[PDB]
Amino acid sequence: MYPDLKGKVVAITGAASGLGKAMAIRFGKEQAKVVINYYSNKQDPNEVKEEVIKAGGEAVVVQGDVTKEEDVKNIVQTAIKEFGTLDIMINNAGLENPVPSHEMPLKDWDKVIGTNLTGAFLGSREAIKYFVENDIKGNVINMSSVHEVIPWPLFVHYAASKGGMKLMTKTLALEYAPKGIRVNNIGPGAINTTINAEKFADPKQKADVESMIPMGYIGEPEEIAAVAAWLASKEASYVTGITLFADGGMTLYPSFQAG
């Protein structure tokens, strides 16, 4: 769809599941060269690699923990070694777990801040360093959430991580705009990824979540991958420092509907 994406090198964290996988596959359809970062020793990244290739792209897989500086550096080095360059960095890895805030252990707080915010900082830092050193008008996409604006009781760590990611993104966007490097967030609402399959298998929880979505349906991963492909492309040439919410209207305050 986006001719300028053909042959571009895109690295994606958390790419063996969910939104990261859908983005990898979509970038394959755009004939990009994808670096599939995976963490967990339970995910089948090679299957994603095969789907990327089948869709029309190239792909390499690389294990790495985004909370480890050396692993993030190695993601970027994998792009350089396999494909010659890096054009697009997508920091997508993330996690959450519910705890009443006054009972929230510091270990849980640290893990969520570390993965969701610090991990995106490290990936952004390493990609931008490469872009600046090589005069590449590169692109960074940080996967945020409606919860960079919507508070989230029981998930104070997650909300803080994404609120932080917003200002991290905006700062990097301002700082590197003169070099033609764009940095943007995507803010998904509720999306039907495999991590959510348990929750949405319970018809009551599925219905409750749907009741908070004005458009009335839980989104599909492809609807988020569409946003990433567009933002990375030259169609979005004048767009930097934004959060593009793709949420079926969640951020519009669903409690205030007429009906």
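In this text, residue numbers run from 1 along the sequence as written.
Novice: Taking only the CA atoms, which stretch has the higher mean B-factor in the record, 195-203 or 61-69?
Specialist: Between 61-69 and 195-203, it is 195-203 that shows the higher mean C-alpha B-factor.
Novice: Should the higher mean CA B-factor in the entry be assigned to 122-130 or to 166-174?
Specialist: Between 122-130 and 166-174, it is 122-130.
Novice: Among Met89, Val183, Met104, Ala160, where is the Cα temperature factor highest, going by the PDB entry?
Specialist: Spelled out: the listed residue with the top C-alpha B-factor is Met104.
Novice: Compare the CA B factors listed in the entry for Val48, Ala228, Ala32, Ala190 and report the winner.
Specialist: Out of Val48, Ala228, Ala32, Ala190, the record gives the largest C-alpha B-factor to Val48.
Novice: Looking at the temperature factor on the CA atom of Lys179, which third of the chain's modelled residues does it land in?
Specialist: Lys179: CA B-factor falls in the middle third of its chain.
Novice: Taking only the Cα B-factors deposited for this chain, tell me whether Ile53 sits in the lowest, middle or highest third.
Specialist: Highest third of the chain for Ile53's C-alpha B-factor.
Novice: Sort the modelled residues of this chain by their C-alpha B factor and say whether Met1 lands in the lowest, middle or highest third.
Specialist: Middle third by C-alpha B-factor.
Novice: Tell me, lowest, middle or highest third: where does the Cα B factor of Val140 rank within its chain?
Specialist: For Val140, the deposited C-alpha B-factor lands in the lowest third.
Novice: Ranking every modelled residue in this chain by its Cα temperature factor as given in the entry, which third contains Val209?
Specialist: Its C-alpha B-factor, which the entry lists for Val209, ranks in the highest third among residues of this chain.
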